[PDB]
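First the structure, in the form of structure tokens, and then the observations on it.
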Amino acid sequence: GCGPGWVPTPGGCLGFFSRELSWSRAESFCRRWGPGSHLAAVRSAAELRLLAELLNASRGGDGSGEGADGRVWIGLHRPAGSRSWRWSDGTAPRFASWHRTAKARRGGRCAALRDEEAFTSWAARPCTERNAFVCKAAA
């Protein structure tokens with residue numbers, strides 16, 4: 001039972017926010033909803049499809065929520081000093097949909113879903129970049 005403005009996903013609720021914030025500020029914003037809330041982690045292709053539907057908003061409405069107009073921050077990032085990327089919600093890596101090009105895998109330590117392919121892949125962006133974002137409040 002997700003509140004107004006949020007949609008169901010396995011294990012919790014998704015919430016898209018159009019306000020543009022740096023990765024860190026977006027992650028903090030998500031954490032402010034309470035324990036278990038973070039920038040959304042994507043654990044499977046099925047989960048990504050639900051996210052794509054929410055962000056593209058090509059045919060679906062509830063009350064007062066539209067779709068994303070650009071790249072969207074998600075919970076994957078590479079802390080300074082670490083060689084691998086990790087999800088901000090504590091889940092171990094299991095699924096990844098990096099845009100398959102060398103350029104999309106460099107240029108920053110934070111990942112954002114791309115609007116180019118209707119939110120089906122993500123790329124590395126400067127963590128200071130201000131982008132819209134999506135939170136997942138896990139049960």
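The chains in the structure tokens are called A, B, ... from first to last as shown; in each chain the residues are counted from 1, and the ligands are counted from 1 in the order shown.
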Tell me, counting only C-alpha atoms, for each residue of range 42-136 of chain A within 10 Å of range 10-30 of chain A, which pair of atoms is nearest and how far apart they are in Å to one decimal, in rows ordered by chain and increasing number, as a tab-separated table.
```
residue	atom	partner	partner_atom	distance
A:43	CA	A:10	CA	9.5
A:46	CA	A:10	CA	9.4
A:47	CA	A:10	CA	7.5
A:50	CA	A:14	CA	9.3
A:51	CA	A:14	CA	8.0
A:54	CA	A:16	CA	7.8
A:55	CA	A:16	CA	7.2
A:65	CA	A:16	CA	8.3
A:66	CA	A:16	CA	8.8
A:67	CA	A:16	CA	8.1
A:68	CA	A:18	CA	6.7
A:69	CA	A:18	CA	8.1
A:70	CA	A:18	CA	9.2
A:72	CA	A:18	CA	8.7
A:73	CA	A:23	CA	6.6
A:74	CA	A:23	CA	8.3
A:75	CA	A:27	CA	7.4
A:76	CA	A:23	CA	9.7
A:77	CA	A:23	CA	8.8
A:88	CA	A:27	CA	7.9
A:89	CA	A:27	CA	9.8
A:109	CA	A:23	CA	9.6
A:110	CA	A:23	CA	6.8
A:111	CA	A:23	CA	8.6
A:112	CA	A:23	CA	9.1
A:125	CA	A:23	CA	9.4
A:126	CA	A:23	CA	8.6
A:127	CA	A:23	CA	5.3
A:128	CA	A:22	CA	4.8
A:129	CA	A:22	CA	5.2
A:130	CA	A:21	CA	4.3
A:131	CA	A:20	CA	4.3
A:132	CA	A:20	CA	4.5
A:133	CA	A:17	CA	5.4
A:134	CA	A:16	CA	4.3
A:135	CA	A:15	CA	5.1
A:136	CA	A:14	CA	4.5
```
(request) Find the spatial neighbours of residue 49 in chain A, counting only C-alpha atoms, within a cut-off of 8 Å - ignore same-chain residues fewer than 4 positions away - and output them as a list in words. (result) residues 45, 53 and 120 of chain A
(request) Would you return as a ChimeraX atom specification the members of range 14-84 of chain A that DSSP assigns to alpha helix (DSSP H) on this structure's backbone? (result) /A:23-31,45-56
(request) Using backbone DSSP assignments, extract all strand (DSSP E or B) residues from range 2-117 of chain A; output them as a PyMOL selection string. (result) chain A and resi 7-9+12-21+37-39+72-77+86-87+98+110-113
(message) When you look at residue 105 in chain A with a cut-off of 8 Å (counting only C-alpha atoms), what residues show up, excluding the ones that are within fewer than 3 positions of it in the same chain? I need them as an MDAnalysis selection string.
(response) chainID A and resid 98:99 101:102 123:124
Atoms to include: N, CA and C atoms. Write the selected residues as a CSV table (one decimal), in the first residue's frame.
```
chain,number,residue,atom,x,y,z
A,98,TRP,N,24.3,-1.2,-17.8
A,98,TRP,CA,25.1,-0.1,-18.2
A,98,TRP,C,24.9,0.1,-19.7
A,99,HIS,N,24.8,1.3,-20.2
A,99,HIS,CA,24.7,1.6,-21.6
A,99,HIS,C,26.0,1.0,-22.1
A,101,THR,N,28.7,1.2,-24.0
A,101,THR,CA,29.7,2.0,-24.7
A,101,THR,C,30.8,2.3,-23.7
A,102,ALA,N,32.0,2.5,-24.1
A,102,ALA,CA,33.1,2.9,-23.2
A,102,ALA,C,32.8,4.2,-22.5
A,123,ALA,N,24.3,5.3,-17.2
A,123,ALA,CA,25.6,5.7,-17.5
A,123,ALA,C,26.2,6.5,-16.3
A,124,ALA,N,27.6,6.6,-16.3
A,124,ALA,CA,28.3,7.3,-15.3
A,124,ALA,C,28.3,8.8,-15.5
```
(message) Please report the interatomic distance between CA of residue 94 in chain A and CA of residue 2 in chain A in Å with one decimal.
(response)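 Distance reported for this atom pair: 25.3 Å.
Atom pair CA of residue 36 in chain A / CA of residue 5 in chain A has a distance of 17.9 Å (rounded to one decimal).
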(message) Please determine, counting only C-alpha atoms, which residue among A:81, A:93, A:4, A:35 has the shortest atom-to-atom distance to residue 64 in chain A.
(response) A:4
(request) Provide the CA of residue 115 in chain A to CA of residue 100 in chain A distance in Å, to one decimal place. (result) 14.7 Å
